[PDB]
Ligand SMILES: *[C@@H]1O[C@H](CO)[C@@H](O[C@@H]2O[C@H](CO)[C@@H](O)[C@H](O)[C@H]2NC(C)=O)[C@H](O)[C@H]1NC(C)=O
Ligand SMILES: *[C@@H]1O[C@H](CO)[C@@H](O)[C@H](O)[C@H]1NC(C)=O
Ligand SMILES: *[C@@H]1O[C@H](CO)[C@@H](O)[C@H](O)[C@H]1NC(C)=O
Ligand SMILES: [Cu+2]
Ligand SMILES: [Cu+2]
Ligand SMILES: [Cu+2]
Ligand SMILES: [Cu+2]
Ligand SMILES: [Zn+2]
Ligand SMILES: [Zn+2]
């Protein structure tokens, strides 16, 4: 692991995580990137050093620390042309921020175009030495972070028009693609019999959700997207792009090898044929062999409606629909080629939105592209409904700068104004669903809200929450290096970008 103070080199390398060799964009030269870590309260100083040379996957980059509120450090959030210009190759940029009020499972990823799909994504954990769930498990460390990643044999920027589908699922960086004549290497999570582990499960994919289970073991879910939850023991869960769950794995079964199953909603092959979409849970002492186990009846799946925060955390505003200061029904649509939010497809501006603000924008209405701006008042309760229906999912919608109470989840008619889950990525489901969330505006600056299916983001599925803009410049003082980003980036030719 690295951090809270570390360099992060961003490099090109050729890899074959599912047996197929291809070039990639890799944090620390590995897929996934190294685990970045710290304790609650730490100052992260992550010096991102861009050494990219392959134009096909972009040589510039920009990193976002997914789920961190970045209060007073909006400039370190990462989204290209919202919070910064991309870092240029041959240069570095220091993301310098604190995590005073969060402890949980997070991750980091490129937030420039579709680059994270090409490999730049890794896990990031903020440990709590006073974690109230500490007494539920024995081991919680780098070995217990588990990433679920889609993987594509075509480079992201070379993907043809229309729906993109992954070639394989990589668990902790390995997995099999369909069609192999000799099976490639499976990831192995090794466990000691009688030991309880906190598995920190992260879906770092560009697209699929995974129906996840472990043969012969139940999962006791204790965290969702950074926020500790009441324990809920389940037979499987479904985890969308960008979401996290911690669960307790109790290694209480006989010594053996057990299949960890991560079944993507969409991919070249969604089955477990040939041990694809799988990894191995190996008890110490078990043979170096594949599991021979089978999945159970799956009678108690995790349902988002059932997840409750560990610390009771009431819903702000009044406990009825529209009971908040600013209330908006977000209309997501697809026009045949592009996504739109409230009839506008996101087009990144040449001047990043925070630079527009520091250059003198008085308010949200000065910001461009104006059609993608939602002004939010300061110190208020916000309620967004986001009815499902637009093609492509199953859309995991994510808000930057905030997490939110999920009043109403997909596939549920329930409005919970009492003790809904708090998270930062939520599936909006499909036509008939009306996921509804609330959050509070205690964080001035421009914050992205977007679908976390990266292909949909590229096709414009995004809007900017322009929060307390009159205070945003003063609330987010920037370092000199951040002022040099746009001059360096704009000096490049198209395309040496
Ligand atoms: C999703 O929920 C929103 C919020 O309740 C619904 O929009 C509201 O609908 C009521 C009932 O017609 C109106 O009186 C409100 O003015 C609307 N609120 C807002 C902020 O627009 C919306 O209709 C629901 N959509 C679906 C598809 O169920
Ligand atoms: C859809 O919207 C995009 C983005 O505004 C526009 O350029 C495109 O031509 C539209 N496609 C169709 C089929 O209208
Ligand atoms: C909705 O939930 C029910 C019961 O919890 C489940 O059986 C069903 O498969 C779900 N429906 C959809 C459309 O996802
Ligand atoms: Cu993200
Ligand atoms: Cu994020
Ligand atoms: Cu989407
Ligand atoms: Cu994002
Ligand atoms: Zn492919
Ligand atoms: Zn103005």
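All Cβ positions, even for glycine, are placed from backbone atoms using ideal geometry, and neighbour counts span all protein chains on display. What is reported rests on the model, the rules as stated and the sources as named; nothing here is a laboratory result.
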Item to check | Positions within the stretch 61-72 being more than 12 Å from ligand 5 (Cβ to nearest atom) and either outside any loop (DSSP other than H, G, I, E, B) or surrounded by fewer than 24 Cβ atoms within 10 Å (Cβ to Cβ) (or both), in sequence order | outcome: 61, 71, 72
Next on the checklist: Condition first: in contact with a helix residue (DSSP H, G or I) (Cβ under 6 Å, 6 or more places away or on another chain), over 18 Å from residue 150 (Cβ atoms) and not assigned by CATH to the domain that holds residue 192. Can you find one or more residues in the stretch 321-339 that meet it?
Outcome noted: yes
Checklist outcome for this item: Per the filter on the stretch 412-435, residues under 22 Å from residue 448 (Cβ atoms), within 16 Å of ligand 6 (Cβ to nearest atom) and outside any strand (DSSP E or B) are 424, 428, 429
Item to check | Yes/no for residue 92 being touching a residue at least 24 places away in the same chain (Cβ under 8 Å), touching a helix residue (DSSP H, G or I) at 6+ places or on another chain (Cβ under 9 Å) and either within 22 Å of residue 10 (Cβ to Cβ) or within 14 Å of ligand 8 (Cβ to nearest atom) (or both) | outcome: yes
Checklist outcome for this item: When the stretch 453-471 is checked residue by residue, the ones that are assigned to a helix (DSSP H, G or I) and within 25 Å of the chain's Cα centre (by Cα) are 454, 455, 456, 457, 458
Item to check | All positions within the stretch 365-419 that are within 15 Å of ligand 1 (Cβ to nearest atom) and free of Cβ contacts under 8 Å to residues at least 12 places away in the same chain | outcome: 413
Item to check | Flag for residue 346 being under 30 Å from residue 421 (Cβ atoms), within 16 Å of ligand 5 (Cβ to nearest atom) and crowded, with 18+ Cβ neighbours inside 10 Å | outcome: yes
Checklist entry - Restricting attention to the stretch 391-404, does a residue exist that is more than 16 Å from ligand 7 (Cβ to nearest atom), closer than 20 Å to residue 326 by Cα, in contact with a strand residue (DSSP E or B) (Cβ under 7 Å, 6 or more places away or on another chain) and assigned by CATH to the domain that holds residue 334? => result no
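Yes or no, residue by residue, for (1) away from ligand 4 (no atom under 16 Å from the Cβ); (2) over 25 Å from residue 401 (Cβ atoms):
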| site | (1), (2) |
| --- | --- |
| 78 | no, no |
| 92 | yes, no |
| 108 | no, no |
| 123 | no, no |
| 129 | yes, yes |
| 145 | yes, no |
| 151 | yes, yes |
| 156 | no, yes |
| 162 | yes, yes |
Next on the checklist: Between a residue in the stretch 58-85 that is within 18 Å of residue 104 (Cα to Cα) and any residue that is in a helix (DSSP H, G or I) and within 14 Å of ligand 5 (Cβ to nearest atom), which pairs come within a Cβ distance under 6 Å, given they are 6 or more apart or on different chains?
Outcome noted: 70/76
Checklist outcome for this item: Okay, strands (runs of 3 or more DSSP E) sitting entirely in the stretch 80-160 with 3 or more residues that are surrounded by fewer than 21 Cβ atoms within 10 Å (Cβ to Cβ) and more than 18 Å from the chain's Cα centre (by Cα), I get 92-98
Item to check | Hey, residue 75 part of a strand (DSSP E or B) and closer than 30 Å to residue 441 by Cβ or not | outcome: no
Checklist entry - Does residue 391 satisfy the condition of being assigned to a loop (DSSP other than H, G, I, E, B), within 22 Å of the chain's Cα centre (by Cα) and farther than 28 Å from residue 481 by Cα? => result yes
